[PDB]
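The chain below stands alone and is given in structure tokens; this is the form deposited in one PDB entry.
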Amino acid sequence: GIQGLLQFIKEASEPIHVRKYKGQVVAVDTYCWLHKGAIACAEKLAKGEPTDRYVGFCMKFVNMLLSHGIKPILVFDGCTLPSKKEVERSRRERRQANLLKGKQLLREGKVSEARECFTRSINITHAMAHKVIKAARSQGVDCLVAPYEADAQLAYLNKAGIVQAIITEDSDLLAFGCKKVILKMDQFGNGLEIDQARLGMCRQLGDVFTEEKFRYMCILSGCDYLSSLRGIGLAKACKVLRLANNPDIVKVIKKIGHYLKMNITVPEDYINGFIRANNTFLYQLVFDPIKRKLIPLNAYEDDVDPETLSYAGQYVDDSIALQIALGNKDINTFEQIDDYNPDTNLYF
């Protein structure tokens, strides 16, 4: 998503061990463990052969967290945002290409090419994720499938005070306003923690350590919701937001030529895309597990009409969102593939 973010604010990082969060709750972006565990199963998953290695791989980290008296909440990605469905189609298409090519290379003889094609065509299905869910629930670990992107859901869990930290490899969590993010954690619990409050330890940020300005910077530098203007990265965006002190971000973006001491004419499409990206960071749908219902990541302000935020996620019935969050309902087909009932401690 946001390239070079970690290195840009590395001064706010600190090497920790997760035993720090003993007796507390930590949410997990399970996609990193799942992906790192599916790497080994590449050849065997490509051939459609039964695998459980990635399951035990995730259960390594889970049992590790449990051994240090930590309550982990495994969070999974859900439906793809309407604006990214085409990109998803492209990804699956390319993975299919490398899959078939991997088969042809398997028939030719070269095993290196075939396996390297298989590891570059890994498709984390929902069946695998559900296997991880069952394996985790058998150990008493709560699971949660996000309505859409897992990042937003995790960010909500942290903001709601449900969890104290987020384990992930995606630094984009910082743009979602996460307080504590644990990156690069190994199987033993050694990680690199970034705290929002420590953002001020980054001199190059200046006064851009507030959530809003930090978000603006991250978006302007280039994110998954909106590609940056040509020649604009973290340093340029940060400099622009430092030299400017106007709450109206749009007018600031329009005067991006002034702050960069040149002649820049910003397209209106990029402005609308910026508004949509910001609104997606702010109000993307997530699942409240306490009230058991769909809510925006942050409460709607006075200058936003919820009916115009279809790109940030579409509402469905709360019981449907519940069945999805439990992993009982398939994301794509909406078929009930499981009948787990939490009522028979995340869902009070």
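Start at 1 and count along the sequence shown; that's the residue number. If you superpose the two forms and keep the largest set of C-alpha atoms that fall within 1.5 Å, you have the rigid core.
Quick note: we don't show the form deposited in another entry, though the next part is all about it.
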Entry of 160, 235, 100, 250 that shows, once the rigid core is matched between this form and the one not shown, a C-alpha shift of 2 Å or more: 100
Shift of residue 110 between this form and the one not shown at or above 2 Å (CA, core fit): yes
After fitting the core, residue 201 CA displacement of 2 Å or more between this form and the one not shown: no
CA of residue 262, rigid core aligned, shift of 2 Å or more between this form and the one not shown: yes
